[PDB]
Structure formats: structure tokens, C-alpha cells
Amino acid sequence: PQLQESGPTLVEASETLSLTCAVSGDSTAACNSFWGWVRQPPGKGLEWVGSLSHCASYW
Amino acid sequence: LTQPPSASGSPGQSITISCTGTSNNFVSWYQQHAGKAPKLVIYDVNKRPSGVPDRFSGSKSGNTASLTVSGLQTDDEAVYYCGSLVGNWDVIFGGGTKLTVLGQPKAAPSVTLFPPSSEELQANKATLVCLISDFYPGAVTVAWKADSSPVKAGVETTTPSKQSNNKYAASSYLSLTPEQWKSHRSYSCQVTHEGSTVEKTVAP
Amino acid sequence: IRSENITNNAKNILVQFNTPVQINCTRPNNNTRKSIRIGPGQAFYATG
Ligand SMILES: *[C@@H]1O[C@H](CO)[C@@H](O[C@@H]2O[C@H](CO)[C@@H](O[C@@H]3O[C@H](CO[C@H]4O[C@H](CO[C@H]5O[C@H](CO)[C@@H](O)[C@H](O)[C@@H]5O)[C@@H](O)[C@H](O[C@H]5O[C@H](CO)[C@@H](O)[C@H](O)[C@@H]5O)[C@@H]4O)[C@@H](O)[C@H](O[C@H]4O[C@H](CO)[C@@H](O)[C@H](O)[C@@H]4O[C@H]4O[C@H](CO)[C@@H](O)[C@H](O)[C@@H]4O[C@H]4O[C@H](CO)[C@@H](O)[C@H](O)[C@@H]4O)[C@@H]3O)[C@H](O)[C@H]2NC(C)=O)[C@H](O)[C@H]1NC(C)=O
Ligand SMILES: *[C@@H]1O[C@H](CO)[C@@H](O[C@@H]2O[C@H](CO)[C@@H](O[C@@H]3O[C@H](CO[C@H]4O[C@H](CO[C@H]5O[C@H](CO)[C@@H](O)[C@H](O)[C@@H]5O)[C@@H](O)[C@H](O[C@H]5O[C@H](CO)[C@@H](O)[C@H](O)[C@@H]5O)[C@@H]4O)[C@@H](O)[C@H](O[C@H]4O[C@H](CO)[C@@H](O)[C@H](O)[C@@H]4O[C@H]4O[C@H](CO)[C@@H](O)[C@H](O)[C@@H]4O)[C@@H]3O)[C@H](O)[C@H]2NC(C)=O)[C@H](O)[C@H]1NC(C)=O
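Residues numbered from 1 in each chain as written, not as in the entry; some residues may be left out. Chains lettered and ligands numbered in written order. Part of a larger assembly, values for the part shown. Heavy atoms only, no water.

As documented in the archive entry, the model was determined using X-ray crystallography at 6.308 Å resolution.

As recorded by the PDB entry, chain C carries the name gp120 and is attributed to Human immunodeficiency virus 1. For this structure, the PDB entry title reads "Uncleaved prefusion optimized gp140 trimer with an engineered 10-residue HR1 turn bound to broadly neutralizing antibodies 8ANC195 and PGT128".

Right, here's the structure in full:
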């Protein structure tokens, strides 16, 4: 299982930041885990961003 | 979550770092080496993951969660964060605890404070820089004061870095206006290392 | 209200409603089918 991040390393202010993760060795369809992001500002603590999953319920 | 800022220990000794604010059992701890990605060393309190030594053990008593590392070694030197689920599905992280297993010997820091230059004030800018170096462990908090009252504005502090002599070094940058610089005579910079503090002061 | 013999308690009483009553019945278990092979030619669907 390997996670490879890709996207612009330099973005201008007020613009739209876009990043894409490429998974290897596992399927995103799998209902065993959620997929998301966690950002860590330089010399600072870990902050949770968010996660989602298509594995749904009846509603 | 409230995690202690620092932690130290000798090789072979056992360190116990705590965490509070956890009312549930979803508590988990992480290990992040400097210049690397974080790695999960524990989950669901006590339970261990694959390829993780037995010497790592999670524990939670009341509202307090605790991690315990016995038989310290070189590779255990890193920053340790704790995290847990709260409420419905949100998750938060602590400030993290920096644990260092560096070699001997301990030493007091060294502070050199430089007031703004003559050419800098002409650019209508004022910046004071505290240079701290040759200290153990590698985690130090820095404080600023203008005359007697403390300065809460313009403080930029960065994580220390190891030198060629294996001693850590850090620099804090205070950027203010030339008006408040000339008004207040002396500017004090307080550097707190393992309880004891080292102070420097400059006046024009 | 309909019954074959009313005063008789041995006979069931059939009732017909005016307004329909909303009822929900669900299977709050999201399942999968094993579809195991018990051949030749036959395949049984087990509950995963
Ligand atoms: C209960 O549990 C089950 C699991 O046990 C849950 O089931 C899962 O539900 C999710 C959500 O629907 C599914 O994801 C969808 O995937 C389909 C494609 O599915 C096919 O491909 C899958 C991947 O196959 C690959 O990987 C596997 C594994 O590695 C590999 O083996 C395989 O060879 C291949 O390499 C297959 O897994 C999948 O199989 C499933 O179905 C089989 C029958 O077909 C069944 O036999 C299997 O057992 C298995 O169950 C299948 O072959 C995506 O197309 C789909 O994306 C659309 O749908 C979701 C909502 O469902 C929506 O949010 C998306 O946005 C997207 O909708 C847009 O695209 C549609 C066309 O693609 C279009 O029709 C829509 O109108 C919509 O388009 C509009 O919006 C977009 C923006 O959104 C816009 O751009 C357009 O222009 C337009 O405006 C889903 O992502 C899982 O596949 C499914 N199964 C599993 C195992 O996870 C279930 O959810 C749980 N809950 C309930 C209540 O049942
Ligand atoms: C659909 O369901 C309904 C109910 O859900 C079914 O209704 C049931 O129908 C049967 C009939 O098969 C009834 O049984 C019959 O009852 C009659 C009448 O009995 C009552 O009145 C008697 C007299 O009452 C008057 O007199 C007194 C005295 O002056 C006054 O005070 C009163 O006010 C009246 O004016 C009285 O004697 C009865 O009391 C006795 O019986 C009851 C019930 O068992 C007991 O609790 C009492 O303690 C007391 O013992 C009663 O109050 C009876 O006359 C019928 O008896 C005939 O049939 C018997 C077999 O069951 C048989 O052994 C008897 O000998 C008698 O047969 C006689 O009469 C025939 C006809 O003339 C003759 O051919 C025969 O040769 C013989 O001479 C019988 O017991 C049920 O009561 C009734 N259910 C209820 C709850 O009331 C219906 O059948 C179902 N139908 C279908 C298609 O599904």
C-alpha cells in the first residue's frame, strides 16, 4: 500500500488549491477504510481536513 | 487535546507521555521523524499495529490517555502526536510531545540579541533577532518583553535544528514598527530552557 | 367491520380501513452474496 501525492507546490493567494492522491496496492471501493487528507503546517501540529466514502446506507 | 511540550530520557529508561481531553477509547498516538511522514505507533488505546515493538503501550485512565515507551533507543527520537474521535465523527489532534534520545552531555543555551540596524530603520522597519544555540534538549520556548511588560505581537519562532557539533540551535524573529522601538528604551528577550531561563536586553 | 359469526369469539374479525396507513419495513443489514459453486451446473447463494 502506497500513497502518492501530486499537484502544484506553488499556488498564489485567493486562488483555488487542487491536489490529487494516487493510491497503489488498494482499492478505494473497499469499505474497510475512509479516504481523506491531513495537513501539517511547517513546525506546527497535525490538523484534520476531512474524509469521505461512497459506501452508503439506505438514506 | 493537551500534550506536554517536551520529554527526555536516557537509553534503556522508560518514558510515559500523557494526553487529556479524551472521553472515549478511540485514542491513538503517532510518531513523526523530522523531515519525514508521521507513522501510527498505536491505535484503540493499548492495541499495537504490525511491525511495532512491544515496548510501545497505550493506556487511558479517566479523561487522561497515556503512551509508554520502554527501552529507549536512537530511532525513538521524534515528535509524538495523540489523536482521538470526538462526538459523532470529528477527530482532533494534540499539540504533540517532542521526545529526544540524543547523546550526552546537557548544556545551557547561549543567547545573542541583535537590535535593528541603522539602514533598516531608514526602510521604516524594525526587527530584533534572538539567536539561541548550544542547548540540550532540542526544544526551547522563547519569550519577548519591552521594558517590563511582555510582548505578544510580532513573534515568529521556528523549530530548532541540529548543528555540526550535535548541539541544537534556533532563532526567533520579532518584527515591529520603528515608533514603538524608539519609544521603549530597552527590549528584553527571555529564553526558557528546562525551567531555567536566559535573558538578553538591548537599548538604543 | 366484517366477521362470519360476530358474537362467536372463535371467528376472526376482518377490518377494512378508510385511509391507508404508511408502514416502513427495512433490512438494516447491508449484505453480500457468496454465490458458492456446488456443481455440476448448480450454484447456491450463501449469506456473506
Ligand atoms: C452497501 O454496501 C455496498 C458494498 O458491499 C455498497 O455498494 C457500493 O456502492 C458504491 C456507491 O454507489 C459503488 O461505487 C460506485 O461504483 C460505480 C462503478 O461500479 C462498478 O465498478 C466498481 C469498481 O470495479 C473496479 O474495482 C474492483 C475492485 O478493485 C475490481 O474488482 C474491478 O475489476 C474494477 O477494476 C465495482 O466494484 C462495481 O461492482 C459492484 O456492482 C456490481 C453490479 O454492477 C456488483 O455485482 C458488485 O458486487 C459490486 O457491488 C461495478 O462493477 C460508479 O459508477 C459509481 O459512481 C456513480 O454513482 C455514485 C452513487 O452510487 C455517485 O455518487 C457518483 O457520483 C457516480 O454518479 C455519477 O456517475 C454515473 C455514471 O458513472 C451517472 O450515472 C450518475 O448520474 C452520476 O453522473 C452525474 O454526476 C457526476 C458527478 O457526480 C457528473 O460528473 C456527471 O456528468 C453526471 O452529472 C459509484 O461510485 C460501489 O461500486 C458499490 N460496491 C462496492 C463493493 O463498494 C453500497 O453503497 C452500500 N449501501 C447500500 C445502500 O447499498
Ligand atoms: C353464531 O354464533 C352465535 C353466538 O356467537 C351462536 O348462537 C348460539 O346459538 C345456539 C343455538 O345452537 C344457542 O344455544 C341454544 O340456546 C337456546 C336458548 O337458550 C337460552 O334461553 C333459554 C330459555 O330462555 C327463556 O326462558 C327463561 C325462563 O323463563 C327466561 O328467563 C328467558 O328470559 C327466556 O325467556 C334458557 O333455558 C337457556 O339457558 C340455558 O342455556 C344456557 C346456554 O348454555 C346456559 O348458560 C344456562 O345456564 C341454561 O343452562 C338460554 O338462556 C337453547 O334452547 C338451545 O338448547 C337446545 O340445543 C341444545 C344443544 O346446544 C340441546 O341440548 C337442548 O336440548 C335444546 O334443544 C331443544 O330445542 C330444540 C329446538 O326447539 C329441539 O329441536 C330439541 O329437541 C330440544 O327440545 C341451545 O342451547 C346459544 O345460546 C347461542 N349463543 C349465545 C352466546 O347465546 C350461533 O349458533 C352461531 N351460528 C352459526 C351459524 O355459526
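Trainee: Now, about the overall build of chain C: what can you tell me, with residues and values included?
Mentor: Scanning chain C from N- to C-terminus turns up zero helices and four strands. Sequence-ordered secondary structure for chain C, helices as α and strands as β, is β-β-β-β. Dimensions of chain C, computed from C-alpha atoms along their principal axes, come out at roughly 60 × 25 × 15 Å. With the model as given, the accessible surface of chain C reaches about 5300 Å², and the carbon-plus-sulfur share is 50%. (Helix = DSSP H or I, 4+ residues; strand = E, 2+ residues; numbered from the N terminus. Areas by Shrake-Rupley, 256 points an atom, 1.4 Å probe, with all protein chains shown as cover.)

Trainee: Could you give an account of the overall build of chain A, with specific residues and numbers?
Mentor: Counting secondary structure elements, chain A contains zero helices and four strands. For chain A, the N- to C-terminal ordering of α and β elements is β-β-β-β. Along the longest, intermediate and shortest principal axes, the C-alpha atoms of chain A span 40 × 30 × 25 Å. Each of the 59 residues in chain A was classed as buried or not, and the buried ones make up 5%. Pairs at least 24 residues apart make up 10% of the contacts formed inside chain A by residues separated by at least 6 positions. When the accessible surface of chain A is split by element, carbon and sulfur atoms take 55% of a total near 5200 Å². (Buried < 20%, exposed > 50% of the residue type's maximum accessible area, 1.4 Å probe, protein only. Contact = heavy atoms within 4.5 Å.)

Trainee: Talk me through the pattern of salt bridges; I want residue IDs and the actual numbers.
Mentor: Pairing between side chains of opposite charge can happen when the charged atoms of each approach one another. Per the stated rule, a full pass over the model turns up six salt bridges over all chains. Taking the shortest distance from any N to any O, the salt bridge between A:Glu47 and A:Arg39 comes out at 3.0 Å. A relative accessible area of 36% means that A:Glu47 is categorised as partly exposed. When the shortest N-O distance is used, the salt bridge between C:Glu4 and C:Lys11 registers 3.5 Å. (Salt bridge = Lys/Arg side-chain N within 4 Å of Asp/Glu carboxyl O.)

Trainee: Now, about the interface of chain B and chain A: what can you tell me, with residues and values included?
Mentor: Contacts between chain B and chain A engage seven residues on the former and six residues on the latter. Carbon and sulfur atoms make up 63% of the surface buried where chain B meets chain A, a total of about 640 Å² over both sides. For chain B, the biggest contributors to the area lost against chain A are B:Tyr81, B:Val91 and B:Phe93; these three give 56% of the whole. Counting every contact that joins chain B to chain A gives two residue pairs in polar contact. (Buried area = accessible area lost by both parts, 1.4 Å probe. Polar contact = N/O pair within 3.5 Å; in protein donor to acceptor, adjacent residues only side chain to side chain.)

Trainee: Please give an account of the environment of B:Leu72 that cites residues and values.
Mentor: All names here are of chain B. Relative to the helices and strands, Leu72 resides in the loop between β6 (64-69) and β7 (78-86). For the pair formed by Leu72 and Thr100, sequence separation is 28 residues and the distance between their alpha carbons is 9.7 Å. Among residues more than four places away in sequence, those in contact with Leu72 are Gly9, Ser10, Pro11, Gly12, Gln13, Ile15, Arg55, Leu99 and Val101.

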